[PDB]
Amino acid sequence: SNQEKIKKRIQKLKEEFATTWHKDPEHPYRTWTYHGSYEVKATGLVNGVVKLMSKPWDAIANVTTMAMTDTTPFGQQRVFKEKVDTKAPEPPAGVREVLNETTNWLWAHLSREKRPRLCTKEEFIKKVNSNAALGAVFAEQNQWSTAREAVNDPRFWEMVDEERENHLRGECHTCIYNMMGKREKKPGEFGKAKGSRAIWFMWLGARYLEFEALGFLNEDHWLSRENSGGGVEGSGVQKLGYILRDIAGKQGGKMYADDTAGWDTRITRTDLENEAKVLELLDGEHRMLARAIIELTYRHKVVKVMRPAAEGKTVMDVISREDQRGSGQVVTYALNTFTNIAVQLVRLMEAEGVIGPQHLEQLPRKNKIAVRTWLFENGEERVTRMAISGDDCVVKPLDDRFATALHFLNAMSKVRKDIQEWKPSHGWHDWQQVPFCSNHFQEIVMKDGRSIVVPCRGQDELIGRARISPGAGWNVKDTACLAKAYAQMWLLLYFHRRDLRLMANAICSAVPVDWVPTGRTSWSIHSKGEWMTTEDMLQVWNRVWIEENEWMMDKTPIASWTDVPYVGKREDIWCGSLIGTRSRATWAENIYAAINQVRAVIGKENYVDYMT
Ligand SMILES: Nc1nc2c(ncn2[C@@H]2O[C@H](COP(=O)(O)OP(=O)(O)OP(=O)(O)O)[C@@H](O)[C@H]2O)c(=O)[nH]1
Ligand SMILES: [Zn+2]
Ligand SMILES: [Zn+2]
């Protein structure tokens, strides 16, 4: 019967590629049913402006060696084997009973005020025509070039409608996963560095349907701090410091921020079941559509991934399994956030003595009671002791027993990264040490007495990323506008870093004052892009850090950059600054040559001297 639910998708595939379809180089797959293969053409970039404005960093390996993705069949195969051909064991009965109660409570709290609703075509279109259906990677719309043209084409919507009737009928024909490649390991301190991950694509239509049925969780902000207490969905990275500093303001133990080692490979069928409880919030047609997404696309999956063969030849494998995620779903972040809140609530209950190692296998009735009673009595408060964004977590428990509350965690397969399995976690007394969404956060004193909580992250990573140009069809102009997007990002979020302040200015001096930044500087749901503008960045800085800063009680505007603070030198150096260095001194002193060489490549335009 699993065979039954993937039939139509396999069949559509054997048909379309009946030509080259064969069954089996001796395939690698261990935990995925293998159906067959066919021949395909395989699949498989420096920002001159940024490069030119950052000569010292030519000498830094973290920067020069940086690559984002590996789209080759080789990389597809490696990431699949290391992160997808894997199976997390299901938690024991006692643990299942605890997650059951815990997720019942969380669903009821998240739906206390908000009502589910279908998302719409015109809504999807609105989303597509802008700054993307980000992360939920689109790119299969190949009867059209782009998503913009596809959603404008009446025939596209007929495709959607047709599959929509199949779902309303209980079948999926087109909703198929394609593993495009691997996002490379990202940098970070032991226990926070992100491992490699899979990049999933689906037909644009399968994304619409998913978005129609379940997108409400994102569009109506179910995981906003206001709705969920623990979540931070909707906030920009510039808000997260402040939220952490508020959590730190509460009475309790040290602050914890344990990562799970490969969170997406560690979601269980139990977790999916508890997530699938959304269905019970929906009615009529809405629930029918959602039930199909959950059952036919989330649960009975079909996957295409490339593999190297024979004579510099590559095949596409077709495989299936009843599974869960890795992302590639419209609601991956929202459901990761949900499950992670649940996970942390269970950890807190162990830390607080409500449940023990004795309860893993079987949950005594008395304990079932104490669980429901604790959630009811405490859930609303404990949730505010958390900052949860996807698999990222920060939690401040009542006391440091939390450090040893590990039995339920490990039994849930939510094994922590880079620490021995039963070694107590490390917590920090100082909230400014705590890592969260690739940053930490520092409180700094501005010249005028007032203070701000700003985000800091390894500077090499930032320069490295700005140096990368995604283009092939990125212009001189597009290249300069991308460089400008990065520079202005740094001015809004990392102005407190000397080298970046200096490098943002020089980039901005070097690109026409009237060119609008384009492209994207971050994939993070927390990267809001107030820097995608031609508005003077001081004004934008004032708006973010003073005017709209709800932790800023005095609204007195900052008047010049010379009044906008830097971290202390010690910090700047800790996070990768090159100040106090011969090459960076030389660089600061010759900058103008680089700025001029850029103005002279781009040519005669309106420029502005921001180095004053
Ligand atoms: N578990 C999981 N997390 C993801 C996935 N995609 C993005 N993220 C999260 O998004 C956060 C931001 O980093 P990425 O999305 O990897 O890349 P990025 O955000 O463009 O890089 P930054 O500008 O440093 O934030 C990461 O810390 C991830 O935890 C995913 O598919 N699965
Ligand atoms: Zn389908
Ligand atoms: Zn720092």
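Here Cβ is always computed from backbone atoms with ideal geometry, including for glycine, and neighbour counts include all displayed protein chains. Values quoted throughout were computed directly from the atomic coordinates according to the rules given, and no laboratory measurement underlies them.
Key figures for this structure:
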{"item": "Qualifying residue in region 475-482 (condition: in a loop (DSSP other than H, G, I, E, B), within 24 Å of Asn131 (Cα to Cα) and out of contact with any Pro (no Cβ under 7 Å at 6 or more places or on another chain))", "result": "yes"}
{"item": "Per-region count, region 560-586, residues outside any helix (DSSP H, G or I) and under 30 Å from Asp58 (Cα atoms)", "result": "12"}
{"item": "Filtered residue count, region 188-214, keeping only those that are among the acidic types (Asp, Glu) and either in contact with a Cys (Cβ under 9 Å, 6 or more places away or on another chain) or away from ligand 3 (no atom under 16 Å from the Cβ) (or both)", "result": "2"}
{"item": "Qualifying position, being more than 16 Å from ligand 1 (Cβ to nearest atom), assigned to a helix (DSSP H, G or I), among the charged types (D, E, K, R) and surrounded by fewer than 14 Cβ atoms within 10 Å (Cβ to Cβ), among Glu589, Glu535, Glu550", "result": "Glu589"}
{"item": "Which listed residue is more than 16 Å from ligand 3 (Cβ to nearest atom), touching a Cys at 6+ places or on another chain (Cβ under 6 Å) and not in a strand (DSSP E or B), from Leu217, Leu296", "result": "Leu296"}
{"item": "Hits in region 421-471 - residues which are more than 25 Å from the chain's Cα centre (by Cα) and of a type in the set (S, T, N, Q)", "result": "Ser451"}
{"item": "Given (1) surrounded by fewer than 24 Cβ atoms within 10 Å (Cβ to Cβ); (2) farther than 23 Å from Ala585 by Cβ, index of the condition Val511 fails", "result": "(1)"}
{"item": "Candidate set from region 144-174 (those that are within 21 Å of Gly328 (Cβ to Cβ) and polar (S, T, N, Q)); member that is surrounded by the fewest Cβ atoms within 10 Å (Cβ to Cβ)", "result": "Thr146"}
{"item": "Yes/no for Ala370 being part of a helix (DSSP H, G or I) and surrounded by fewer than 23 Cβ atoms within 10 Å (Cβ to Cβ)", "result": "yes"}
{"item": "Residue match in region 204-215 (condition: farther than 21 Å from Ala147 by Cα, crowded, with 23+ Cβ neighbours inside 10 Å and among the basic types (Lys, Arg))", "result": "no"}
{"item": "Close pairs from region 159-186: first closer than 20 Å to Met316 by Cα and within 12 Å of ligand 2 (Cβ to nearest atom), partner basic (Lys, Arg) and part of a strand (DSSP E or B), Cβ under 8 Å, at least 6 apart", "result": "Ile176/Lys304; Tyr177/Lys301; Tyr177/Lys304"}
{"item": "Pairs with Cβ under 7 Å, 6+ apart, first in region 75-98 and under 16 Å from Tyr34 (Cα atoms), second surrounded by 15 or more Cβ atoms within 10 Å (Cβ to Cβ) and among the polar types (S, T, N, Q)", "result": "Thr86/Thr265"}
{"item": "Close pairs from region 517-528: first under 24 Å from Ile388 (Cβ atoms), partner part of a loop (DSSP other than H, G, I, E, B) and within 16 Å of ligand 3 (Cβ to nearest atom), Cβ under 7 Å, at least 6 apart", "result": "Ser524/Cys437; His526/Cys437"}
{"item": "Tally, over region 3-32, of residues that are of a type outside the set (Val, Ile, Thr) and outside any helix (DSSP H, G or I)", "result": "13"}
{"item": "Candidates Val540, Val544, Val513, filtered to the one that is touching a helix residue (DSSP H, G or I) at 6+ places or on another chain (Cβ under 7 Å), over 18 Å from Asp448 (Cβ atoms) and not hydroxyl-bearing (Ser, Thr, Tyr)", "result": "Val540"}
{"item": "The lone exception for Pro557 - which of (1) assigned to a loop (DSSP other than H, G, I, E, B); (2) closer than 18 Å to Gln459 by Cβ it fails", "result": "(2)"}
{"item": "Qualifying residue in region 564-572 (condition: touching a strand residue (DSSP E or B) at 6+ places or on another chain (Cβ under 7 Å) and among the β-branched types (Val, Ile, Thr))", "result": "yes"}
{"item": "Yes/no for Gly181 being buried (at least 19 other Cβ atoms within 10 Å of the Cβ) and either under 19 Å from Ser438 (Cα atoms) or out of contact with any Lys or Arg (no Cβ under 9 Å at 6 or more places or on another chain) (or both)", "result": "yes"}
{"item": "When residues of region 114-139 are limited to those that are surrounded by fewer than 14 Cβ atoms within 10 Å (Cβ to Cβ) and away from ligand 1 (no atom under 16 Å from the Cβ), the one nearest to the chain's Cα centre (by Cα)", "result": "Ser130"}
{"item": "Search result, residues across region 162-208 that are in contact with a strand residue (DSSP E or B) (Cβ under 7 Å, 6 or more places away or on another chain), more than 13 Å from ligand 1 (Cβ to nearest atom) and in a loop (DSSP other than H, G, I, E, B)", "result": "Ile176, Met202"}
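Here's the yes/no breakdown for (1) in contact with a helix residue (DSSP H, G or I) (Cβ under 6 Å, 6 or more places away or on another chain); (2) more than 29 Å from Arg112 (Cα to Cα):
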| position | (1), (2) |
| --- | --- |
| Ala132 | no, yes |
| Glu140 | no, yes |
| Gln143 | no, yes |
| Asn166 | no, yes |
| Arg169 | no, yes |
| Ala198 | yes, yes |
| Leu223 | yes, no |
